[PDB]
Number of protein chains: 2
Amino acid sequence: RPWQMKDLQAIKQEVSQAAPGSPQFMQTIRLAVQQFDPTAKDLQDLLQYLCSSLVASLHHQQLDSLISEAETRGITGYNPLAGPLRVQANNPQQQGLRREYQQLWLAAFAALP
Amino acid sequence: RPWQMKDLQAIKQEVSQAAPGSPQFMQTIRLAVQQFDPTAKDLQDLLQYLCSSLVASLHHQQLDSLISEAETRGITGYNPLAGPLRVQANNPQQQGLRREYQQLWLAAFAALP
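Residues numbered from 1 in each chain as written, not as in the entry; some residues may be left out. Chains lettered and ligands numbered in written order. Part of a larger assembly, values for the part shown. Heavy atoms only, no water. Residues with missing side-chain atoms left out of burial classes, pairs and counts.

As recorded in the PDB entry, chain A goes by Gag protein (Fragment) and comes from Human T-cell leukemia virus type I.

K.L.:
Looking at this model, I keep getting lost on the overall build of chain A. Mind explaining?
P.N.:
Secondary structure summary: chain A contains six helices and zero strands in total. Ordering the α and β elements of chain A from the N terminus gives α-α-α-α-α-α. Expected size for 113 residues packed as a compact globule is a radius of gyration near 13 Å; at 14 Å, chain A falls within 12% of this value. Referenced to the eigenvectors of the C-alpha coordinate spread, the extents of chain A come out at roughly 45 × 30 × 20 Å. (Helix = DSSP H or I, 4+ residues; strand = E, 2+ residues; numbered from the N terminus. Rg over C-alpha atoms; globule rule 2.2 N^0.38 Å.)

K.L.:
Would you take a moment to explain unusual backbone geometry for this structure?
P.N.:
In terms of backbone geometry, most residues other than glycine have negative phi values and most peptide bonds are trans. Phi is positive for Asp37 of chain A, close to 60°, though the residue is something other than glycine. Tracing the backbone through its elements, the reader meets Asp37 of chain A in the loop between α2 (23-36) and α3 (40-50).

K.L.:
How should I be thinking about α2 of chain A in this particular structure?
P.N.:
Side chains three or four residues apart in an α-helix point the same way, a direct result of the helix having 3.6 residues per turn. Given a rise of 1.5 Å per residue, 14 residues ought to cover 20 Å, and the 20 Å separating the end C-alpha atoms of α2 of chain A matches this to within 8%. Once α2 of chain A ends, the next one or two residues include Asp37 of chain A, with phi positive near 60°. (Expected span 1.5 Å × (residues − 1).)

Structure, rendered in structure tokens:
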């Protein structure tokens, strides 16, 4: 049950005025992420739709650092012999990795301003 | 029939002008809750969506007070040998607990000011 075009259009329109990482944007994006239960691929699509290449790159770097610390510590469900967290989160049998990816994503995007 | 994006986006759209505790806010919240019959999970999602973190924290303080009072006094179908009302309202076969939690939710929201 992935999102459709209308959901993305509403998500972008409702937060057109606000700035990335504002409380309003964080509310709406967090609700979307917690409601649709998407993988990393869909999150990348959503970010490309919402913010430009500059904000995309900044979030990419911040999320790289956050994932770096998180999975360098060691995580309950992460096994580094199978692939990067971006790929484990895309397997529907690793929901723990998917939820960790979602939370790192939202925190990274909130850490912009 | 848990609410999708469109329902919650509307709810926030018409709960934007008014402030918590005002007649309009409570009217809309009560209608939504009485219609969709949401558990504690969906209620917490809706609250995080609507108002700032400060208002959510205030509401949860009031809700903890109400729930503690009710559990001391006694609930019709509350059996504490399995988990708190908080967790007993997530089981779909406990309609009484769910409706009681919804009513305490609405009361705690109405008593913020």
